[PDB]
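S.K.: Chains as they are written, first to last, in full-length UniProt numbering: chain A, 398 to 461; chain B, 398 to 461.
Using N, Cα and C, we set each Cβ at its ideal position, and we do this for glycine too.
My questions all concern the structure below.
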Amino acid sequence: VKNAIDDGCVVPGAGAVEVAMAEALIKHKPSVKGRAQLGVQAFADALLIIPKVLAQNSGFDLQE
Amino acid sequence: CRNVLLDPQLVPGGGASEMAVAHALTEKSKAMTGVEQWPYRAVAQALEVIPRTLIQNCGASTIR
């Protein structure tokens, strides 16, 4: 709650933020080169762990 | 054709049928009480393993 005082802005979570950010990367090259692109796929799928796994603990299939 | 010709009555099952009996027995075990209820409840459940596996191919948490 110290952070809430620090920043002005608080987002809704539960892996909401993370799917949104991953979606933005997959679609276009952020720098427009192929060299960048090979790490960029890697970066986007790494994020998806946080939401999908809340589903996993509970007992709800991750792809769905 | 030999099935229909024997009995015009037939189940609208589809794995619905194994399931139908499985739940039927669970209801009766509770009502009757008596020394019979524990072995009768055991067989009730055996029948239910089978339609559950059909849902395994489809996805998600089968038991839900």
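Apart from the five residues on each side of it in sequence, which residues of its chain come closer than 6 Å, Cβ to Cβ, to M416 (chain B)?
M.R.: By one-based count along the second sequence, residue 416 (chain B) stands at place 19. Result list for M416 (chain B): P448, in chain order.
S.K.: Could you give the distance in angstroms between the alpha-carbon of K399 (chain A) and the alpha-carbon of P409 (chain A)?
M.R.: Residue 399 (chain A) sits at position 2 when you count from the first residue of the first sequence. Residue 409 (chain A) sits at position 12 when you count from the first residue of the first sequence. Answer to the nearest angstrom: the Cα atoms are 17 Å apart.
S.K.: Indicate whether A441 (chain B) and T430 (chain B) have their beta-carbon atoms separated by less than 8 Å.
M.R.: For the purposes of this step, residue 441 (chain B) is identified with residue 44 of the second sequence, where counting begins at 1. For the purposes of this step, residue 430 (chain B) is identified with residue 33 of the second sequence, where counting begins at 1. In this structure, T430 (chain B) does not lie closer than 8 Å to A441 (chain B) by Cβ.
S.K.: Mind checking if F440 (chain A) is an interface residue toward chain B, Cβ cutoff 8 Å exclusive?
M.R.: Within the first sequence, the letter at position 43 stands for residue 440 (chain A). Any Cβ of chain B closer than 8 Å to the Cβ of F440 (chain A) would place that residue at the interface, and such an atom is absent.
S.K.: Just the Cα atoms here: how many angstroms apart are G436 (chain A) and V416 (chain A)?
M.R.: Taking the first residue of the first sequence as position 1, residue 436 (chain A) is located at position 39. Taking the first residue of the first sequence as position 1, residue 416 (chain A) is located at position 19. Using only the alpha carbons, I get a separation of about 18 Å.
S.K.: Hey, is the stretch 443 to 458 of chain B in contact with the stretch 399 to 419 of chain B, meaning 3+ C-beta pairs nearer than 8 Å?
M.R.: yes
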